[PDB]
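Visitor: So that you have it, the file is run-v9.tsv, and it contains TSV, C-alpha atoms and all ligand atoms:
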chain	number	residue	atom	x	y	z
A	1	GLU	CA	34.91	67.62	-92.93
A	2	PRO	CA	33.92	67.04	-96.68
A	3	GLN	CA	36.88	66.49	-99.10
A	4	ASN	CA	37.87	69.87	-100.47
A	5	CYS	CA	39.62	69.24	-103.74
A	6	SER	CA	36.63	68.30	-105.86
A	7	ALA	CA	34.44	71.13	-104.75
A	8	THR	CA	35.00	74.73	-106.00
B	1	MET	CA	39.56	72.75	-109.84
B	2	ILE	CA	37.86	69.34	-109.56
B	3	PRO	CA	38.94	66.06	-111.09
B	4	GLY	CA	37.84	65.72	-114.68
B	5	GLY	CA	36.71	69.30	-114.85
B	6	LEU	CA	38.10	72.12	-116.94
B	7	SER	CA	41.20	74.18	-116.08
B	8	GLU	CA	40.94	77.89	-115.45
B	9	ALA	CA	40.85	79.96	-118.62
B	10	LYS	CA	44.32	80.62	-119.97
B	11	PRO	CA	45.32	82.82	-122.84
B	12	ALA	CA	45.87	81.11	-126.13
B	13	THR	CA	49.28	79.83	-127.08
B	14	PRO	CA	51.06	79.11	-130.39
B	15	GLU	CA	50.30	75.40	-129.89
B	16	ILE	CA	46.61	76.15	-129.32
B	17	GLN	CA	46.65	78.32	-132.37
B	18	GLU	CA	48.20	75.51	-134.36
B	19	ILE	CA	45.47	73.22	-133.09
B	20	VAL	CA	42.82	75.65	-134.43
B	21	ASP	CA	44.61	75.82	-137.80
B	22	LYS	CA	44.89	72.02	-138.06
B	23	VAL	CA	41.29	71.81	-137.09
B	24	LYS	CA	39.77	74.68	-139.16
B	25	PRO	CA	39.19	72.41	-142.19
B	26	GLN	CA	36.89	70.29	-140.02
B	27	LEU	CA	34.81	73.19	-138.74
B	28	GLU	CA	34.41	73.89	-142.40
B	29	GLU	CA	33.63	70.33	-143.61
B	30	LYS	CA	30.67	70.62	-141.26
B	31	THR	CA	29.41	74.14	-141.37
B	32	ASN	CA	30.11	74.34	-145.09
B	33	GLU	CA	31.26	77.95	-144.46
B	34	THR	CA	34.70	79.46	-145.29
B	35	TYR	CA	36.07	81.43	-142.47
B	36	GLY	CA	38.87	83.85	-142.86
B	37	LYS	CA	41.56	83.78	-140.22
B	38	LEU	CA	40.54	82.07	-136.98
B	39	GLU	CA	42.54	83.51	-134.08
B	40	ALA	CA	43.06	81.45	-130.90
B	41	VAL	CA	41.97	83.80	-128.15
B	42	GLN	CA	41.74	81.76	-125.02
B	43	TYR	CA	41.41	78.22	-123.84
B	44	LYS	CA	40.66	75.57	-121.32
B	45	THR	CA	41.97	71.99	-120.95
B	46	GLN	CA	40.13	68.94	-119.61
B	47	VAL	CA	41.80	65.56	-118.87
B	48	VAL	CA	40.07	62.62	-120.42
B	49	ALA	CA	41.71	59.67	-122.01
B	50	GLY	CA	43.53	62.33	-123.83
B	51	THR	CA	42.85	66.01	-123.80
B	52	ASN	CA	39.88	68.09	-124.64
B	53	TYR	CA	40.73	71.64	-125.63
B	54	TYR	CA	37.99	74.23	-125.35
B	55	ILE	CA	39.25	77.01	-127.67
B	56	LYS	CA	37.72	80.50	-127.80
B	57	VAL	CA	38.63	81.55	-131.37
B	58	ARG	CA	38.27	85.18	-132.62
B	59	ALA	CA	37.23	85.13	-136.21
B	60	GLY	CA	35.32	88.02	-137.74
B	61	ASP	CA	35.66	91.72	-136.69
B	62	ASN	CA	34.15	91.07	-133.27
B	63	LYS	CA	32.73	87.62	-133.92
B	64	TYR	CA	33.99	84.82	-131.64
B	65	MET	CA	33.49	81.10	-131.84
B	66	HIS	CA	34.03	78.33	-129.26
B	67	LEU	CA	35.58	75.23	-130.72
B	68	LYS	CA	36.11	71.97	-128.83
B	69	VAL	CA	38.98	69.71	-129.89
B	70	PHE	CA	39.94	66.36	-128.47
B	71	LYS	CA	43.62	65.58	-128.61
B	72	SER	CA	44.37	61.91	-128.51
B	73	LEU	CA	46.94	60.33	-126.21
B	74	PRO	CA	50.49	59.97	-127.53
B	75	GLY	CA	49.86	56.22	-127.78
B	76	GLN	CA	48.05	55.29	-130.98
B	77	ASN	CA	48.27	57.23	-134.23
B	78	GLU	CA	45.52	59.85	-134.42
B	79	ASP	CA	45.21	63.58	-135.14
B	80	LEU	CA	43.18	66.40	-133.50
B	81	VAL	CA	39.39	66.09	-133.88
B	82	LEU	CA	36.71	68.71	-133.90
B	83	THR	CA	34.21	67.04	-131.57
B	84	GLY	CA	32.09	70.15	-131.09
B	85	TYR	CA	31.56	73.86	-131.81
B	86	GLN	CA	29.35	76.71	-130.51
B	87	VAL	CA	28.93	79.71	-132.75
B	88	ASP	CA	27.90	83.37	-132.28
B	89	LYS	CA	30.00	83.60	-129.12
B	90	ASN	CA	31.10	86.91	-127.56
B	91	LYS	CA	34.54	88.18	-126.54
B	92	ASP	CA	33.70	87.41	-122.95
B	93	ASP	CA	31.54	84.29	-123.04
B	94	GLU	CA	33.31	81.92	-120.66
B	95	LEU	CA	34.61	78.71	-122.19
B	96	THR	CA	32.67	75.66	-120.91
B	97	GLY	CA	32.11	71.92	-121.05
B	98	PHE	CA	30.10	70.57	-123.99
C	1	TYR	CA	52.77	47.57	-92.97
C	2	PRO	CA	54.68	45.41	-95.49
C	3	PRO	CA	57.36	47.00	-97.64
C	4	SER	CA	55.00	46.09	-100.47
C	5	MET	CA	51.32	45.44	-101.16
C	6	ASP	CA	49.37	44.57	-104.34
C	7	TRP	CA	45.71	43.50	-104.44
C	8	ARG	CA	46.11	42.07	-107.98
C	9	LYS	CA	48.58	39.51	-106.56
C	10	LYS	CA	46.46	38.78	-103.54
C	11	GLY	CA	43.71	37.78	-105.98
C	12	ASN	CA	40.61	38.35	-108.18
C	13	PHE	CA	40.17	41.64	-106.39
C	14	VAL	CA	40.90	44.05	-109.20
C	15	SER	CA	38.83	44.38	-112.30
C	16	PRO	CA	40.11	44.65	-115.83
C	17	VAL	CA	41.42	48.06	-116.88
C	18	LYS	CA	38.64	50.28	-118.24
C	19	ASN	CA	38.69	52.93	-120.96
C	20	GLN	CA	36.96	56.13	-120.26
C	21	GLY	CA	37.54	58.08	-123.46
C	22	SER	CA	36.90	61.76	-124.09
C	23	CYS	CA	34.48	62.07	-121.16
C	24	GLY	CA	35.64	63.54	-117.81
C	25	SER	CA	34.49	60.39	-116.05
C	26	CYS	CA	37.86	59.47	-114.59
C	27	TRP	CA	36.44	60.05	-111.13
C	28	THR	CA	33.66	57.55	-111.65
C	29	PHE	CA	36.35	55.06	-112.61
C	30	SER	CA	38.10	55.43	-109.25
C	31	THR	CA	34.80	54.94	-107.45
C	32	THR	CA	33.69	51.91	-109.38
C	33	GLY	CA	37.21	50.58	-109.08
C	34	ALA	CA	37.41	50.81	-105.26
C	35	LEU	CA	33.97	49.40	-104.63
C	36	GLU	CA	34.45	46.53	-107.01
C	37	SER	CA	37.63	45.62	-105.22
C	38	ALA	CA	36.01	46.07	-101.75
C	39	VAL	CA	33.14	43.76	-102.65
C	40	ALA	CA	35.48	41.16	-104.14
C	41	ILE	CA	37.87	41.40	-101.14
C	42	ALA	CA	34.86	40.93	-98.89
C	43	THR	CA	33.00	38.23	-100.83
C	44	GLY	CA	34.90	36.80	-103.74
C	45	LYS	CA	32.48	38.28	-106.30
C	46	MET	CA	34.25	40.24	-109.04
C	47	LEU	CA	31.65	42.66	-110.43
C	48	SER	CA	31.97	45.38	-113.10
C	49	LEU	CA	30.11	48.44	-111.86
C	50	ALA	CA	28.46	51.01	-114.16
C	51	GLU	CA	30.13	54.36	-114.36
C	52	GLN	CA	27.32	55.96	-116.40
C	53	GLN	CA	25.12	55.72	-113.29
C	54	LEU	CA	27.62	58.11	-111.71
C	55	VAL	CA	27.84	60.04	-114.89
C	56	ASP	CA	24.08	60.42	-115.08
C	57	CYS	CA	23.03	60.77	-111.39
C	58	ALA	CA	25.67	61.67	-108.81
C	59	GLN	CA	24.70	65.36	-109.40
C	60	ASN	CA	23.59	65.81	-105.83
C	61	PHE	CA	26.89	64.84	-104.29
C	62	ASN	CA	28.49	67.77	-106.01
C	63	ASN	CA	29.65	65.82	-109.07
C	64	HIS	CA	29.15	66.97	-112.68
C	65	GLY	CA	28.98	63.94	-114.95
C	66	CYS	CA	31.52	64.12	-117.84
C	67	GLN	CA	32.82	67.43	-116.66
C	68	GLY	CA	34.19	66.13	-113.40
C	69	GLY	CA	33.81	64.94	-109.84
C	70	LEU	CA	35.32	63.28	-106.75
C	71	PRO	CA	35.15	59.69	-105.57
C	72	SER	CA	34.30	60.43	-101.94
C	73	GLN	CA	31.20	62.21	-103.12
C	74	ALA	CA	30.62	59.43	-105.63
C	75	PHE	CA	30.74	56.98	-102.71
C	76	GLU	CA	28.10	59.02	-100.89
C	77	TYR	CA	25.92	58.86	-104.02
C	78	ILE	CA	26.17	55.09	-103.95
C	79	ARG	CA	25.30	55.02	-100.28
C	80	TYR	CA	22.38	57.41	-100.13
C	81	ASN	CA	21.10	56.35	-103.60
C	82	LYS	CA	21.08	52.87	-102.11
C	83	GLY	CA	23.25	50.97	-104.61
C	84	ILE	CA	24.91	51.01	-108.01
C	85	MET	CA	24.31	48.70	-110.96
C	86	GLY	CA	26.95	47.25	-113.20
C	87	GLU	CA	27.91	47.73	-116.92
C	88	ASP	CA	25.64	45.10	-118.50
C	89	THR	CA	22.57	46.86	-117.17
C	90	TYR	CA	23.58	50.49	-117.61
C	91	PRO	CA	26.11	50.56	-120.53
C	92	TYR	CA	28.88	53.11	-120.58
C	93	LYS	CA	28.31	55.91	-123.15
C	94	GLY	CA	30.68	58.72	-122.14
C	95	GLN	CA	28.24	61.56	-122.43
C	96	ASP	CA	25.84	63.42	-120.20
C	97	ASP	CA	22.56	61.53	-120.08
C	98	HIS	CA	19.68	61.79	-117.67
C	99	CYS	CA	19.50	59.35	-114.81
C	100	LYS	CA	18.34	55.86	-115.63
C	101	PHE	CA	18.87	54.32	-112.19
C	102	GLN	CA	16.66	51.29	-111.55
C	103	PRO	CA	16.59	50.21	-107.85
C	104	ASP	CA	15.82	46.50	-108.34
C	105	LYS	CA	18.97	46.31	-110.48
C	106	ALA	CA	21.69	47.84	-108.27
C	107	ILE	CA	24.36	45.26	-107.62
C	108	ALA	CA	26.72	46.87	-105.19
C	109	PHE	CA	26.47	48.65	-101.96
C	110	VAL	CA	28.19	51.26	-99.91
C	111	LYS	CA	27.63	51.25	-96.16
C	112	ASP	CA	30.19	53.93	-95.06
C	113	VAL	CA	33.05	55.90	-96.58
C	114	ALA	CA	36.59	56.06	-95.33
C	115	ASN	CA	38.11	59.49	-95.84
C	116	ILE	CA	41.94	59.56	-95.64
C	117	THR	CA	42.86	62.96	-94.19
C	118	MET	CA	44.14	65.71	-96.46
C	119	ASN	CA	47.79	65.23	-97.55
C	120	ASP	CA	48.17	62.19	-95.28
C	121	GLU	CA	50.06	59.82	-97.50
C	122	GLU	CA	50.86	57.12	-94.94
C	123	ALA	CA	47.17	56.80	-94.18
C	124	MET	CA	46.82	55.90	-97.87
C	125	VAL	CA	49.71	53.51	-97.36
C	126	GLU	CA	47.87	51.97	-94.42
C	127	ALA	CA	44.49	51.68	-96.12
C	128	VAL	CA	45.84	50.29	-99.36
C	129	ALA	CA	47.96	47.86	-97.24
C	130	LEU	CA	45.41	46.83	-94.70
C	131	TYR	CA	41.93	47.34	-96.29
C	132	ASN	CA	41.39	48.29	-99.96
C	133	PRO	CA	42.63	49.96	-103.12
C	134	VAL	CA	42.26	53.78	-102.50
C	135	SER	CA	40.58	56.08	-105.00
C	136	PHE	CA	42.65	59.27	-105.62
C	137	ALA	CA	43.34	62.52	-107.48
C	138	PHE	CA	46.44	64.39	-108.50
C	139	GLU	CA	47.73	67.05	-110.90
C	140	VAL	CA	48.45	65.57	-114.32
C	141	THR	CA	50.84	67.54	-116.45
C	142	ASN	CA	51.69	66.84	-120.07
C	143	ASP	CA	54.68	64.74	-119.08
C	144	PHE	CA	52.32	62.30	-117.63
C	145	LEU	CA	50.68	61.80	-120.97
C	146	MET	CA	53.68	60.13	-122.56
C	147	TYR	CA	54.03	57.69	-119.69
C	148	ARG	CA	55.04	54.13	-120.64
C	149	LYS	CA	56.88	52.51	-117.74
C	150	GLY	CA	58.88	52.97	-114.59
C	151	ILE	CA	58.09	55.31	-111.74
C	152	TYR	CA	56.50	58.63	-112.77
C	153	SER	CA	58.11	61.47	-110.79
C	154	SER	CA	57.38	65.10	-111.36
C	155	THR	CA	58.97	68.41	-110.54
C	156	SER	CA	56.37	69.99	-112.81
C	157	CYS	CA	53.30	69.37	-110.63
C	158	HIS	CA	52.75	71.15	-107.32
C	159	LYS	CA	51.04	69.22	-104.53
C	160	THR	CA	48.21	71.68	-103.89
C	161	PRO	CA	44.45	71.13	-104.01
C	162	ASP	CA	44.21	74.01	-106.50
C	163	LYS	CA	44.93	71.89	-109.60
C	164	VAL	CA	44.77	68.11	-109.05
C	165	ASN	CA	42.88	66.78	-112.05
C	166	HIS	CA	42.70	63.07	-112.34
C	167	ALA	CA	41.25	60.38	-110.10
C	168	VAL	CA	42.93	56.95	-110.13
C	169	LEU	CA	43.02	53.73	-108.08
C	170	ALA	CA	45.96	52.96	-105.76
C	171	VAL	CA	46.05	49.13	-106.01
C	172	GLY	CA	49.29	48.71	-104.20
C	173	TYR	CA	52.67	50.16	-103.30
C	174	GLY	CA	56.26	48.97	-103.54
C	175	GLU	CA	59.94	49.72	-104.07
C	176	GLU	CA	62.30	50.13	-106.99
C	177	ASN	CA	66.02	50.06	-106.54
C	178	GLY	CA	65.63	52.44	-103.61
C	179	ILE	CA	62.82	54.73	-104.66
C	180	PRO	CA	59.38	53.99	-103.33
C	181	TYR	CA	56.30	53.97	-105.49
C	182	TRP	CA	52.56	53.50	-105.95
C	183	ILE	CA	51.10	50.76	-108.16
C	184	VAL	CA	48.25	52.66	-109.84
C	185	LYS	CA	45.19	51.61	-111.96
C	186	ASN	CA	44.22	54.16	-114.63
C	187	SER	CA	41.10	54.49	-116.71
C	188	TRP	CA	42.59	55.04	-120.20
C	189	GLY	CA	42.37	51.48	-121.63
C	190	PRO	CA	45.04	48.77	-121.19
C	191	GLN	CA	47.14	50.03	-124.10
C	192	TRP	CA	48.36	53.11	-122.23
C	193	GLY	CA	51.28	52.70	-119.88
C	194	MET	CA	51.98	49.41	-118.20
C	195	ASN	CA	48.74	47.75	-119.41
C	196	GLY	CA	46.55	50.51	-117.99
C	197	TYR	CA	48.88	50.91	-115.05
C	198	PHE	CA	51.33	53.45	-113.87
C	199	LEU	CA	53.77	53.88	-110.94
C	200	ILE	CA	54.11	57.24	-109.22
C	201	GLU	CA	56.86	58.03	-106.70
C	202	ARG	CA	55.76	57.43	-103.11
C	203	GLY	CA	56.73	59.54	-100.13
C	204	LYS	CA	56.52	63.07	-101.52
C	205	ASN	CA	52.78	63.43	-101.94
C	206	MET	CA	53.80	63.68	-105.60
C	207	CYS	CA	51.32	65.89	-107.51
C	208	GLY	CA	49.03	65.57	-104.50
C	209	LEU	CA	48.41	61.84	-104.25
C	210	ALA	CA	47.25	62.46	-100.79
C	211	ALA	CA	45.19	65.58	-101.38
C	212	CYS	CA	41.64	64.20	-101.52
C	213	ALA	CA	41.73	60.42	-101.39
C	214	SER	CA	39.29	57.80	-100.16
C	215	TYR	CA	38.15	54.25	-100.02
C	216	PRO	CA	34.77	52.76	-99.39
C	217	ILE	CA	33.38	50.38	-96.82
C	218	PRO	CA	30.86	48.15	-98.72
C	219	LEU	CA	27.50	47.12	-97.23
C	220	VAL	CA	28.00	43.37	-97.58
D	1	LIG	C1	34.01	62.04	-96.69
D	1	LIG	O1	34.13	62.91	-97.81
D	1	LIG	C2	32.88	63.05	-98.49
D	1	LIG	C3	33.15	63.82	-99.77
D	1	LIG	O2	33.15	65.21	-99.54
D	1	LIG	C4	31.87	63.73	-97.59
D	1	LIG	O3	30.58	63.56	-98.18
D	1	LIG	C5	29.51	64.15	-97.55
D	1	LIG	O4	28.98	63.22	-96.62
D	1	LIG	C6	27.81	63.74	-95.97
D	1	LIG	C7	27.56	62.84	-94.77
D	1	LIG	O5	28.43	63.17	-93.69
D	1	LIG	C8	26.65	63.77	-96.97
D	1	LIG	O6	25.43	64.20	-96.35
D	1	LIG	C9	24.21	63.76	-96.91
D	1	LIG	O7	23.86	64.68	-97.98
D	1	LIG	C10	22.71	64.23	-98.74
D	1	LIG	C11	22.53	65.22	-99.90
D	1	LIG	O8	21.30	65.92	-99.81
D	1	LIG	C12	21.45	64.13	-97.87
D	1	LIG	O9	20.70	62.99	-98.24
D	1	LIG	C13	21.69	64.12	-96.33
D	1	LIG	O10	21.28	65.38	-95.81
D	1	LIG	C14	23.13	63.80	-95.82
D	1	LIG	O11	23.48	64.79	-94.85
D	1	LIG	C15	27.01	64.72	-98.09
D	1	LIG	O12	26.08	64.54	-99.13
D	1	LIG	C16	28.45	64.51	-98.62
D	1	LIG	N1	28.91	65.74	-99.24
D	1	LIG	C17	29.47	65.72	-100.44
D	1	LIG	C18	29.93	67.05	-100.95
D	1	LIG	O13	29.51	64.74	-101.16
D	1	LIG	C19	31.86	63.17	-96.15
D	1	LIG	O14	31.30	64.15	-95.29
D	1	LIG	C20	33.21	62.72	-95.60
D	1	LIG	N2	33.01	61.79	-94.51
D	1	LIG	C21	33.52	61.99	-93.28
D	1	LIG	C22	33.24	60.89	-92.24
D	1	LIG	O15	34.18	63.00	-92.94
What would you get if you wrote out this structure as C-alpha cells?

Guide:
Amino acid sequence: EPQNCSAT
Amino acid sequence: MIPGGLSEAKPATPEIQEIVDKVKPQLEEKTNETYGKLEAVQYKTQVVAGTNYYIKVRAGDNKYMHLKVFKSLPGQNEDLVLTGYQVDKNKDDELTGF
Amino acid sequence: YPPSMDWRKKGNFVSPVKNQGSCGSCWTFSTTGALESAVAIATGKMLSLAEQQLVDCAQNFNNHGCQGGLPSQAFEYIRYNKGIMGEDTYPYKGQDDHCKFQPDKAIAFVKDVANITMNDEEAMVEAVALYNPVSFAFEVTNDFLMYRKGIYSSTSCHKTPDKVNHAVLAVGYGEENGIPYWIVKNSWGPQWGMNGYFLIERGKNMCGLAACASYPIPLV
C-alpha cells in the first residue's frame, strides 16, 4: 500500500 | 495534510492580527497605497525553515486581500517579512501557496 | 539491535546539514539525505544531491514542489525518472521552477524503496540500525521551533497522520539517562538546534515519527 500521510 | 504543505484554514487570531499590523507598512512600501484598517480574517501556516503565514485580511467594505508573511526561526534576529501578496480577493477565496 | 546507532560515527555517510529556507522543500531534504547516505554506505562516495530536481519535477509522484511532499514518493520519482543529479549541476533556489532534469547528469540511483509500515517504530529502529538513515515526517508544533538541545518530547502533538508536517532524517538512535531518543538531521541550516540536529523521544511514536517513514535501496 502507498504511504498515506503525504497524500490528501 | 502533507509534509511541507499548508495547514487547514483556521480563523485569525490576535497574534495573526498583530503580524498583519507589523507587516502592513511593508504592503504599503510596495503598493504605495494607504489602506485603512486591515483585519486578519483567516489563515494558514506552512513549515519551512521558519513559518510562512498565509493571511486572508479583510480591508475595505467587502474587499479582501491575501498576504503572505514569513516568520523567521527564533534563532537569529529578524522580524516578519512580507514575501508576497495577492489583491482583489473575495471573502471566500481559499488561502493558498504562493 | 544495539542500544545505540549513529551513521555519522560509523563514517563519511552523512552529508553536511542543509538549509532549506522559506520553501516547503523539507521533504526533498529527507529524500536527498537518505539516498546520499545509502550511496556512501554502499560505496564510500559522499555526494550532495539536488533538491530542486525534486522541487521542480517530482510532480507525478504526488509531490508539490515548495508546497510539500513525501519522501517515499520522492524515492519513486528518483527510481522511475532514472536518477537524480547533485547540487553543482542543478543549484538549489527554493522556488517553484519548471523541470530542468538532464539524464546524462544524474548522479545517484534508486533501485527499490523500503517502506516501514505505518506507526511501526521498531521497524524504523531496525532499518536505521541495520541499513540506512530513515527519512520521516511528524507534527511540528511551535514548541519545536525554539529547540536548542536535549531530547524534544511533546504532549502538544498527536501521533495521527492528519497533521504531521515535517520530513527529517533519522541518522541514529540512543539513550539519555534513561529516556530513549532519535538522533535526527534537520534541513534548517547548522545554526538551528544541535548544529542542524535534534533529538526526539523514542518509543512513543512521538508526533508520529513512525507515521509515514521510509528509506531507499540505491541502484549501485
Ligand atoms: C512505498 O510508498 C510509496 C509512496 O507512496 C509508494 O509509491 C508508489 O509506488 C508505485 C509502485 O508500486 C508507483 O507506481 C508507478 O507509478 C508511476 C506513475 O505514473 C508509473 O510510471 C507506473 O505506472 C508505476 O506503477 C507509484 O508511482 C508510487 N505512488 C506514489 C503516490 O508515489 C509505494 O507503492 C510503496 N512501496 C511498497 C512496496 O509498498

Visitor: List every residue of chain A that has an atom at most 6 Å from any atom of ligand LIG 1 (chain D), and for each one report the closest atom pair and its distance in Å to one decimal, counting only C-alpha atoms and all ligand atoms, with rows sorted by chain and then by increasing residue number, as JSON lines.

Guide:
{"residue": "A:1", "atom": "CA", "partner": "D:LIG1", "partner_atom": "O15", "distance": 4.7}
{"residue": "A:2", "atom": "CA", "partner": "D:LIG1", "partner_atom": "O2", "distance": 3.5}
{"residue": "A:3", "atom": "CA", "partner": "D:LIG1", "partner_atom": "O2", "distance": 4.0}

Visitor: What does the distance from CA of residue 96 in chain C to CA of residue 23 in chain B come to in Å, to one decimal?

Guide: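 Calculated distance between CA of residue 96 in chain C and CA of residue 23 in chain B is 24.4 Å.
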
Visitor: List as a PyMOL selection string the residues having at least one atom at most 7 Å from position (45.9, 76.2, -131.6) as given in the file, counting only C-alpha atoms.

Guide: chain B and resi 13-21+40

Visitor: Could you tell me how far CA of residue 10 in chain B lies from CA of residue 33 in chain B, in Å and to one decimal?

Guide: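 CA of residue 33 in chain B lies 27.9 Å from CA of residue 10 in chain B.
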
Visitor: Within 9 Å of chain A, which residues of chain B are there when counting all atoms listed in the file? Please give them as a list in words.

Guide: residues 1, 2 and 3 of chain B

Visitor: With a distance threshold of 10 Å and counting only C-alpha atoms, extract the residues of chain B near chain C and express them as a count of residues only.

Guide: 26

Visitor: Could you please give me, as a ChimeraX atom specification, the residues of protein, DNA or RNA lying at most 10 Å from (34.8, 51.6, -108.5) in the coordinate frame of the file, considering only C-alpha atoms?

Guide: /C:14-15,27-39,47-51,71,74-75,84,108,133-135,168-169,215-216

Visitor: With distances taken over all atoms listed in the file, which of C:125, C:85, C:114, C:206 is nearest to chain A?

Guide: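 Of all the options, C:114 lies closest to chain A.
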
Visitor: Check the smallest atom-to-atom distance from each of C:154, C:59, C:43, C:117 to chain A using only C-alpha atoms, then report the winner.

Guide: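 Checking each candidate against chain A, we get C:117 as the closest.
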
Visitor: What gap, in Å, lies between CA of residue 97 in chain C and CA of residue 57 in chain C?

Guide: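 Rounded to one decimal, the two atoms are 8.7 Å apart.
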
Visitor: Since the input lacks atoms, please generate N, CA and C atoms for chain A and provide them as a PDB file, keeping the file's coordinate frame.

Guide:
ATOM      1  N   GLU A   1      34.969  66.595 -91.887  1.00  0.00           N
ATOM      2  CA  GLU A   1      34.910  67.620 -92.930  1.00  0.00           C
ATOM      3  C   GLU A   1      34.859  66.975 -94.343  1.00  0.00           C
ATOM      4  N   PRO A   2      34.074  67.529 -95.288  1.00  0.00           N
ATOM      5  CA  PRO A   2      33.920  67.040 -96.680  1.00  0.00           C
ATOM      6  C   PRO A   2      35.232  67.235 -97.451  1.00  0.00           C
ATOM      7  N   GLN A   3      35.578  66.368 -98.407  1.00  0.00           N
ATOM      8  CA  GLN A   3      36.880  66.490 -99.100  1.00  0.00           C
ATOM      9  C   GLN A   3      36.938  67.691-100.015  1.00  0.00           C
ATOM     10  N   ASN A   4      37.743  68.673 -99.663  1.00  0.00           N
ATOM     11  CA  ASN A   4      37.870  69.870-100.470  1.00  0.00           C
ATOM     12  C   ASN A   4      38.974  69.532-101.428  1.00  0.00           C
ATOM     13  N   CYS A   5      38.668  69.602-102.709  1.00  0.00           N
ATOM     14  CA  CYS A   5      39.620  69.240-103.740  1.00  0.00           C
ATOM     15  C   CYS A   5      38.652  69.218-104.926  1.00  0.00           C
ATOM     16  N   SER A   6      37.654  68.345-104.838  1.00  0.00           N
ATOM     17  CA  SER A   6      36.630  68.300-105.860  1.00  0.00           C
ATOM     18  C   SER A   6      35.419  68.995-105.284  1.00  0.00           C
ATOM     19  N   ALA A   7      35.527  70.312-105.224  1.00  0.00           N
ATOM     20  CA  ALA A   7      34.440  71.130-104.750  1.00  0.00           C
ATOM     21  C   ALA A   7      34.342  72.401-105.626  1.00  0.00           C
ATOM     22  N   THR A   8      35.060  73.468-105.263  1.00  0.00           N
ATOM     23  CA  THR A   8      35.000  74.730-106.000  1.00  0.00           C
ATOM     24  C   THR A   8      36.057  75.739-105.563  1.00  0.00           C
TER      25      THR A   8
END
